[PDB]
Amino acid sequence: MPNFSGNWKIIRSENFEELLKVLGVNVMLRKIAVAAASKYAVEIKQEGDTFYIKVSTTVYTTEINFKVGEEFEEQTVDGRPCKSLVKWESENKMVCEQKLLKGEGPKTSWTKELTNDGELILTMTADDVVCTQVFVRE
């Protein structure tokens, strides 16, 4: 039965560069990252509240596994390791709060939501800045 499970392809990406700026990435790498972002693909497998997620671009791929409600280790958008915890906020929206393994830095979070119109919306937050990325089924 339809849930977050599937193969998703990005169609829109708002404020990605601004987010990277907040995370201290230099302009030239930001521009390359924006260009790289238009090939973001996401593969999800969901059973109950257990999730497998693989995000990839042209040259890079990362996988996470989590159970809602259970702390796990992942990276921030700028590849610093963090402790993560995901909770539901409604039937098809989840919110992840993150804490840096080492160091100090901006407060980062992310959300994933399946909409009525069959889109996947990712938001990624760093301090004051919110990046939104919209995906549709392949």
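Note that residue numbering follows the sequence shown and begins at 1.
- The PDB entry reports B-factors from which the mean C-alpha value can be compared for 24 to 32 and 99 to 107; the larger average falls on 99 to 107.
- The mean Cα B-factor in the deposited entry runs higher for 71 to 79 than for the other of 40 to 48 and 71 to 79.
- Among the modelled residues of the chain, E18 sits in the lowest third by CA temperature factor in this PDB entry.
- For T123, the recorded CA temperature factor ranks within the lowest third of the chain's modelled residues.
- In the PDB entry, a CA B factor belonging to the middle third of its chain's modelled residues is recorded for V136.
- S90 sits in the middle third of its chain by CA B factor, as recorded in the PDB entry.
- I10 sits in the lowest third of its chain by CA B factor, as recorded in the PDB entry.
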